[PDB]
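Source file model.tsv; content: TSV, C-alpha atoms and all ligand atoms.
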```
chain	number	residue	atom	x	y	z
Z	3	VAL	CA	38.80	138.54	8.26
Z	4	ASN	CA	41.86	140.26	6.76
Z	5	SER	CA	42.50	142.99	4.18
Z	6	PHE	CA	43.71	140.94	1.19
Z	7	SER	CA	41.57	141.46	-1.92
Z	8	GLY	CA	41.08	139.78	-5.29
Z	9	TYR	CA	42.79	136.45	-4.52
Z	10	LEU	CA	41.76	133.11	-5.96
Z	11	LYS	CA	41.41	130.51	-3.19
Z	12	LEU	CA	43.45	127.39	-3.95
Z	13	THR	CA	43.03	125.56	-0.63
Z	14	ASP	CA	41.85	126.09	2.92
Z	15	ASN	CA	44.87	128.32	3.61
Z	16	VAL	CA	46.58	129.22	0.29
Z	17	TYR	CA	45.42	132.10	-1.91
Z	18	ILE	CA	46.93	133.36	-5.19
Z	19	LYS	CA	46.81	136.57	-7.24
Z	20	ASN	CA	48.46	138.18	-10.25
Z	21	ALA	CA	50.08	141.13	-8.49
Z	22	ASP	CA	53.31	143.01	-7.96
Z	23	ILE	CA	54.31	142.07	-4.40
Z	24	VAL	CA	55.75	145.56	-3.92
Z	25	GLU	CA	52.48	147.29	-4.80
Z	26	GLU	CA	50.52	144.67	-2.87
Z	27	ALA	CA	52.65	145.22	0.23
Z	28	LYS	CA	52.34	149.00	-0.06
Z	29	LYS	CA	48.53	148.71	-0.24
Z	30	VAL	CA	47.90	146.03	2.39
Z	31	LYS	CA	50.78	146.76	4.81
Z	32	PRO	CA	50.67	143.12	5.97
Z	33	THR	CA	52.12	141.90	9.23
Z	34	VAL	CA	54.66	139.81	7.27
Z	35	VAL	CA	55.97	140.13	3.73
Z	36	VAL	CA	58.28	137.34	2.56
Z	37	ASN	CA	61.45	138.20	0.65
Z	38	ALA	CA	63.06	135.80	-1.82
Z	39	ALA	CA	66.44	136.23	-0.13
Z	40	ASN	CA	69.90	134.77	-0.63
Z	41	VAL	CA	72.17	133.70	2.23
Z	42	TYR	CA	74.10	137.00	2.12
Z	43	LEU	CA	70.94	139.12	2.08
Z	44	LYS	CA	72.27	140.88	-1.03
Z	45	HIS	CA	69.03	142.24	-2.48
Z	46	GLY	CA	70.23	142.86	-6.00
Z	47	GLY	CA	67.50	141.61	-8.30
Z	48	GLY	CA	64.31	139.66	-8.59
Z	49	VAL	CA	61.77	140.07	-5.81
Z	50	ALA	CA	64.52	141.05	-3.34
Z	51	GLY	CA	65.86	143.81	-5.55
Z	52	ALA	CA	62.33	145.16	-6.03
Z	53	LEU	CA	61.44	145.07	-2.32
Z	54	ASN	CA	64.71	146.71	-1.36
Z	55	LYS	CA	64.32	149.48	-3.97
Z	56	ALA	CA	60.87	150.25	-2.56
Z	57	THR	CA	62.48	150.78	0.88
Z	58	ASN	CA	64.96	153.29	-0.56
Z	59	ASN	CA	67.79	150.80	0.27
Z	60	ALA	CA	66.93	150.73	4.00
Z	61	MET	CA	66.34	146.97	3.74
Z	62	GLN	CA	69.89	146.51	2.41
Z	63	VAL	CA	71.42	148.71	5.15
Z	64	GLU	CA	69.62	146.72	7.85
Z	65	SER	CA	70.56	143.45	6.16
Z	66	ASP	CA	74.26	144.31	5.96
Z	67	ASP	CA	74.30	144.95	9.72
Z	68	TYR	CA	72.50	141.62	10.28
Z	69	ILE	CA	75.10	139.71	8.24
Z	70	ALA	CA	78.02	141.54	9.88
Z	71	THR	CA	76.71	140.33	13.26
Z	72	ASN	CA	75.37	136.86	12.46
Z	73	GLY	CA	76.98	135.64	9.25
Z	74	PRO	CA	75.08	134.19	6.29
Z	75	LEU	CA	71.80	132.36	6.47
Z	76	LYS	CA	71.44	128.69	5.55
Z	77	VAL	CA	69.84	127.65	2.28
Z	78	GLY	CA	66.36	126.71	3.48
Z	79	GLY	CA	66.64	129.14	6.40
Z	80	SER	CA	65.22	132.53	7.25
Z	81	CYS	CA	65.43	135.56	9.48
Z	82	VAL	CA	62.88	138.15	10.60
Z	83	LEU	CA	63.84	141.78	9.98
Z	84	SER	CA	61.93	145.04	9.66
Z	85	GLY	CA	59.29	145.42	6.97
Z	86	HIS	CA	60.21	149.12	6.64
Z	87	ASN	CA	57.48	151.00	4.71
Z	88	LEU	CA	56.07	147.78	3.22
Z	89	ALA	CA	54.98	145.63	6.18
Z	90	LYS	CA	55.50	145.28	9.90
Z	91	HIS	CA	58.10	142.53	9.38
Z	92	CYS	CA	59.99	141.04	6.47
Z	93	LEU	CA	60.65	137.30	6.64
Z	94	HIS	CA	63.76	136.79	4.49
Z	95	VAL	CA	63.58	133.18	3.27
Z	96	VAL	CA	66.32	131.46	1.26
Z	97	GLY	CA	64.96	129.03	-1.29
Z	98	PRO	CA	67.50	126.97	-3.23
Z	99	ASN	CA	68.85	128.69	-6.34
Z	100	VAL	CA	68.90	126.14	-9.16
Z	101	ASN	CA	71.20	128.45	-11.13
Z	102	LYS	CA	73.75	127.89	-8.32
Z	103	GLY	CA	73.28	124.10	-8.16
Z	104	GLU	CA	71.44	123.98	-4.82
Z	105	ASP	CA	69.33	120.99	-3.79
Z	106	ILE	CA	65.65	121.47	-4.67
Z	107	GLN	CA	64.62	119.28	-1.71
Z	108	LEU	CA	65.57	122.31	0.42
Z	109	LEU	CA	62.51	124.08	-1.00
Z	110	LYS	CA	60.29	122.27	1.50
Z	111	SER	CA	62.55	123.39	4.37
Z	112	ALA	CA	62.34	126.96	3.04
Z	113	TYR	CA	58.53	126.92	3.05
Z	114	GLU	CA	58.48	125.48	6.59
Z	115	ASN	CA	59.63	128.90	7.81
Z	116	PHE	CA	56.20	130.27	6.82
Z	117	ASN	CA	54.54	128.12	9.51
Z	118	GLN	CA	55.98	130.37	12.23
Z	119	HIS	CA	53.65	133.19	11.08
Z	120	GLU	CA	49.86	133.13	11.10
Z	121	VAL	CA	49.43	135.17	7.88
Z	122	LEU	CA	51.95	136.10	5.17
Z	123	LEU	CA	52.17	137.85	1.81
Z	124	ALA	CA	54.73	135.91	-0.21
Z	125	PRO	CA	56.22	135.12	-3.62
Z	126	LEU	CA	56.73	131.59	-4.88
Z	127	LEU	CA	60.05	130.51	-3.41
Z	128	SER	CA	62.86	129.56	-5.82
Z	129	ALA	CA	60.84	130.84	-8.82
Z	130	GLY	CA	61.95	133.60	-11.17
Z	131	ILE	CA	65.71	134.13	-11.23
Z	132	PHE	CA	66.20	131.31	-8.69
Z	133	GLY	CA	65.56	128.90	-11.56
Z	134	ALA	CA	63.04	126.38	-10.16
Z	135	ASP	CA	59.76	125.39	-11.83
Z	136	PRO	CA	57.05	127.67	-10.36
Z	137	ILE	CA	54.42	124.92	-10.73
Z	138	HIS	CA	56.54	122.69	-8.48
Z	139	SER	CA	57.11	125.55	-6.03
Z	140	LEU	CA	53.34	126.05	-5.75
Z	141	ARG	CA	52.84	122.34	-5.06
Z	142	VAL	CA	55.46	122.34	-2.30
Z	143	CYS	CA	53.90	125.49	-0.84
Z	144	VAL	CA	50.43	123.94	-0.68
Z	145	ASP	CA	51.79	120.69	0.77
Z	146	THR	CA	54.03	122.39	3.38
Z	147	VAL	CA	52.53	125.68	4.58
Z	148	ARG	CA	49.68	125.33	7.07
Z	149	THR	CA	49.32	129.01	7.98
Z	150	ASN	CA	47.48	131.50	5.77
Z	151	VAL	CA	49.58	132.45	2.75
Z	152	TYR	CA	48.69	135.01	0.09
Z	153	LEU	CA	50.86	134.42	-2.98
Z	154	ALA	CA	51.62	137.28	-5.37
Z	155	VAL	CA	52.66	136.25	-8.88
Z	156	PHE	CA	54.02	139.15	-10.93
Z	157	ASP	CA	53.77	137.58	-14.39
Z	158	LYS	CA	50.18	137.38	-15.61
Z	159	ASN	CA	50.98	134.61	-18.09
Z	160	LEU	CA	52.56	132.58	-15.29
Z	161	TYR	CA	49.61	133.21	-12.98
Z	162	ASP	CA	47.12	131.81	-15.50
Z	163	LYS	CA	49.30	128.73	-16.03
Z	164	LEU	CA	49.58	128.05	-12.28
Z	165	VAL	CA	45.81	128.25	-11.79
Z	166	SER	CA	44.86	126.20	-14.84
Z	167	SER	CA	47.29	123.40	-13.93
Z	168	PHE	CA	46.59	123.34	-10.19
Z	169	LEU	CA	45.48	119.99	-8.80
Z	201	LIG	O1	56.03	136.02	-10.50
Z	201	LIG	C1	56.98	135.34	-10.19
Z	201	LIG	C2	57.06	133.82	-10.30
Z	201	LIG	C3	58.42	133.42	-9.76
Z	201	LIG	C4	59.18	134.73	-9.38
Z	201	LIG	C5	60.42	134.75	-10.21
Z	201	LIG	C6	60.47	135.27	-11.47
Z	201	LIG	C7	61.78	135.19	-12.07
Z	201	LIG	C8	62.67	134.60	-11.25
Z	201	LIG	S1	61.97	134.15	-9.75
Z	201	LIG	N1	58.20	135.83	-9.66
Z	201	LIG	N2	58.50	137.17	-9.43
Z	201	LIG	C9	57.81	138.15	-8.72
Z	201	LIG	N3	56.79	137.75	-7.89
Z	201	LIG	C10	56.11	138.73	-7.20
Z	201	LIG	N4	56.29	140.05	-7.20
Z	201	LIG	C11	57.32	140.42	-8.03
Z	201	LIG	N5	57.71	141.74	-8.20
Z	201	LIG	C12	58.77	141.72	-9.10
Z	201	LIG	CL1	59.42	143.21	-9.49
Z	201	LIG	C13	59.05	140.43	-9.50
Z	201	LIG	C14	58.13	139.55	-8.83
```
With the file now loaded, output its structure as structure tokens.
Amino acid sequence: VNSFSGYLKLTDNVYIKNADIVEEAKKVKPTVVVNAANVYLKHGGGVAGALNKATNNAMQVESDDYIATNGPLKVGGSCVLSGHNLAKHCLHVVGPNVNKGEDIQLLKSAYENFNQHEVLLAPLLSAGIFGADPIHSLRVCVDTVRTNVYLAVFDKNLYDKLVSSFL
């Protein structure tokens, strides 16, 4: 039993809700919140910009130190950093950005990072400003993640479309 509330159950381990991941994180304080990161951990917009703003820029400060030490992430890769006031940990995961020409096959590799964590609150990877089809992202998620994932979808119209078209 965990503290997530109001989710539709898609599969044994994947749950979905129309919710702002920022507000959801602030309420649940999950062990792991997933960020829709880029390789530079520059949290300018989208989910990343929103999560960082909610930390009063502390996520960005921590991230800049991480990059200065380790260099950029790989597309499809991840790193674990602090969750600040939102969660215990933030798993920064880099899905391919279609608006940069990156290979969509790397979306499966990106979701594989979730399997290192028993329970996660997460957005759909590569959706939104990353330019991929969110329906496809949901399919890859369901077919790749085996741990318990609670997906927050900000846009209500998109949420209804994902549910109604889910196989
Ligand atoms: O709903 C969705 C679906 C895909 C993703 C994207 C939208 C546009 C580009 S990628 N997306 N976005 C969010 N998902 C959860 N919480 C959020 N909070 C804010 Cl702010 C935005 C947001």
Q) Skipping near chain neighbours, those fewer than 5 positions away, what residues fall within 8 Å of residue Z:42 using all atoms listed in the file, listed as a list in words? A)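 Listed by chain and then number, they are residues 69, 73, 74 and 75 of chain Z.
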Go through chain Z residue by residue and, counting all atoms listed in the file, keep those with an atom at most 7 Å from ligand LIG 201 (chain Z); for each kept residue give the shortest atom pair and its distance in Å to one decimal, ordered by chain and increasing number, as a Markdown table.
```
| residue | atom | partner | partner_atom | distance |
| --- | --- | --- | --- | --- |
| Z:21 | CA | Z:LIG201 | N4 | 6.4 |
| Z:22 | CA | Z:LIG201 | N4 | 4.3 |
| Z:23 | CA | Z:LIG201 | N4 | 4.0 |
| Z:24 | CA | Z:LIG201 | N5 | 6.1 |
| Z:48 | CA | Z:LIG201 | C13 | 5.4 |
| Z:49 | CA | Z:LIG201 | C13 | 4.6 |
| Z:52 | CA | Z:LIG201 | CL1 | 4.9 |
| Z:125 | CA | Z:LIG201 | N3 | 5.0 |
| Z:126 | CA | Z:LIG201 | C3 | 5.5 |
| Z:128 | CA | Z:LIG201 | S1 | 6.1 |
| Z:129 | CA | Z:LIG201 | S1 | 3.6 |
| Z:130 | CA | Z:LIG201 | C8 | 1.2 |
| Z:131 | CA | Z:LIG201 | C8 | 3.1 |
| Z:132 | CA | Z:LIG201 | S1 | 5.2 |
| Z:133 | CA | Z:LIG201 | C8 | 6.4 |
| Z:136 | CA | Z:LIG201 | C3 | 5.9 |
| Z:154 | CA | Z:LIG201 | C10 | 5.1 |
| Z:155 | CA | Z:LIG201 | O1 | 3.7 |
| Z:156 | CA | Z:LIG201 | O1 | 3.7 |
| Z:157 | CA | Z:LIG201 | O1 | 4.8 |
| Z:160 | CA | Z:LIG201 | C2 | 6.8 |
```
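Around residue Z:30, within 9 Å and counting only C-alpha atoms, the residues found are residues 5, 6, 7, 25, 26, 88 and 89 of chain Z, once anything fewer than 4 positions away on its own chain is removed.
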Just-selected residues, C-alpha atoms written as a PDB file, in the frame of the given file:
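out_36.pdb, freshly written:
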```
ATOM      1  CA  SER Z   5      42.500 142.990   4.180  1.00  0.00           C
ATOM      2  CA  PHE Z   6      43.710 140.940   1.190  1.00  0.00           C
ATOM      3  CA  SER Z   7      41.570 141.460  -1.920  1.00  0.00           C
ATOM      4  CA  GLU Z  25      52.480 147.290  -4.800  1.00  0.00           C
ATOM      5  CA  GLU Z  26      50.520 144.670  -2.870  1.00  0.00           C
ATOM      6  CA  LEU Z  88      56.070 147.780   3.220  1.00  0.00           C
ATOM      7  CA  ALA Z  89      54.980 145.630   6.180  1.00  0.00           C
TER       8      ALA Z  89
END
```
Q: Please provide the set of residues having any atom within 8 Å of residue Z:81, restricted to only C-alpha atoms, with same-chain residues fewer than 6 positions apart removed, written as number ranges by chain.
A: Z: 75, 93-95
Q) Between Z:124, Z:43, Z:169, Z:111, which has the minimum distance to residue Z:70 (counting only C-alpha atoms)? A)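 Closest to residue Z:70 of all the choices is Z:43.
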Q: Write out as a list in words the residues lying within 8 Å of residue Z:19, counting only C-alpha atoms and excluding same-chain residues fewer than 2 positions away.
A: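 The residues that qualify are residues 8, 9, 10, 17, 21, 152, 153, 154, 155 and 161 of chain Z.
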Q | Point-to-point distance from atom CA of residue Z:16 to atom CA of residue Z:142, Å rounded to tenths | A |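 Between these atoms lies a distance of 11.5 Å.
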